[PDB]
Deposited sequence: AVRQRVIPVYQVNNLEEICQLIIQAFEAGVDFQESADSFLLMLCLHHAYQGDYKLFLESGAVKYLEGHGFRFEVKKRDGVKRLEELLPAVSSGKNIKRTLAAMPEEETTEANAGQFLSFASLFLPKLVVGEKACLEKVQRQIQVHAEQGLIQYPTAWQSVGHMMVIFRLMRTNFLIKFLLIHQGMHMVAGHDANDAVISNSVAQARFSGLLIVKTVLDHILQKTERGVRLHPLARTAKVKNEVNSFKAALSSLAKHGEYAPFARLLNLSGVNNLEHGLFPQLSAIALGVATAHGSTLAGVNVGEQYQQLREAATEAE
């Protein structure tokens, strides 16, 4: 973890125009490889920071990433009219060269719809997106282009979200840190991020909600389940290190999250099921209940 992930930050006077090209390319499923991060960042820069590079670079998003394995490199690029001109191989330039209804905010809010069920699989995730689109449409909150509501387009964005850390991180951060009087796209993003809390971490949510009482639920005090309580406590201690991102650890593939796999805790899960029918703070609460047992 000594070596950093380096992300070029392309500074253009063209940003809205370049974002339209970026959106067009992602829709066509262009495989940007190592450059995808840089182009997704530019969308976030335009939408969340009103194109203000200085404020983006001193933002809490960037401060966190710089402290956790990333380095950002500003490259000033005057006179760019085509994405090809920002590419730092062979076939991507051809694809972009062949390039002949929305905006960056819309692209990002649509992408955020994939967060709540991303880790559950394509079928479940796409069904969730379709239902959410109809909810937002009925509340009059947002409407997406005709082209984006095909199963085919959703499969493209699903794969983009599944594989790209930075866009998930920036959406999640945005969802927790909006500027006053936020717009419809930000409302959708913040809603998506709220829905995504503890996605892929069912055992954490349910243990903290149903087994925590503070003491452990009486069924979680037996010596038979003591191995599971100890294992959970250790795993939760490590999760708490991720601070406000802990509920999203499975979404963001953060360290130590494999230790919280559901299957690793059958006895606690069974207890939680019987009952039902920040993270740093709750770890301290769990520490307290455990010690008492």
Missing CA stretches, deposited numbering from 1, N-terminus first: 89-92, 105-109, 223-227, 292-300, 317
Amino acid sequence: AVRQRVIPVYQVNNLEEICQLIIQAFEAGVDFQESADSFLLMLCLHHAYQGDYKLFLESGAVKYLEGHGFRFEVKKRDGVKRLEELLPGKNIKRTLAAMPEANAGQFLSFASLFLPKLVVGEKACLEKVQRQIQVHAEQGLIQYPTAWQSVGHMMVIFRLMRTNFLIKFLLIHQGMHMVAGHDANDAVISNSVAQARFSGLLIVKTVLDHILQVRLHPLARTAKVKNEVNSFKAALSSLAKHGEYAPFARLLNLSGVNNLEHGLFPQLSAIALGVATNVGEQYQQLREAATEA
From here on, numbers count along this sequence of modelled residues.
Between the two ranges 167-175 and 149-157, the one averaging a larger CA B factor in the entry: 149-157
Entry-level comparison of average CA B-factors, 191-199 and 74-82, reporting the higher stretch: 74-82
Given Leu264, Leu41, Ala249, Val62, the residue at which the Cα B factor reaches its maximum: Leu264
Selection by C-alpha B-factor (highest) of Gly29, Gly69, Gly51, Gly256: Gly256
Where the record places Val214 (Cα B-factor, split into thirds across the chain): highest
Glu244 - Cα temperature factor, lowest/middle/highest third of chain: middle
Ranked against its chain, the third holding the CA B-factor of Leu108: lowest
Chain-relative CA temperature factor third for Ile7: lowest
Cα B factor band for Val229 (lowest, middle or highest third within the chain): highest
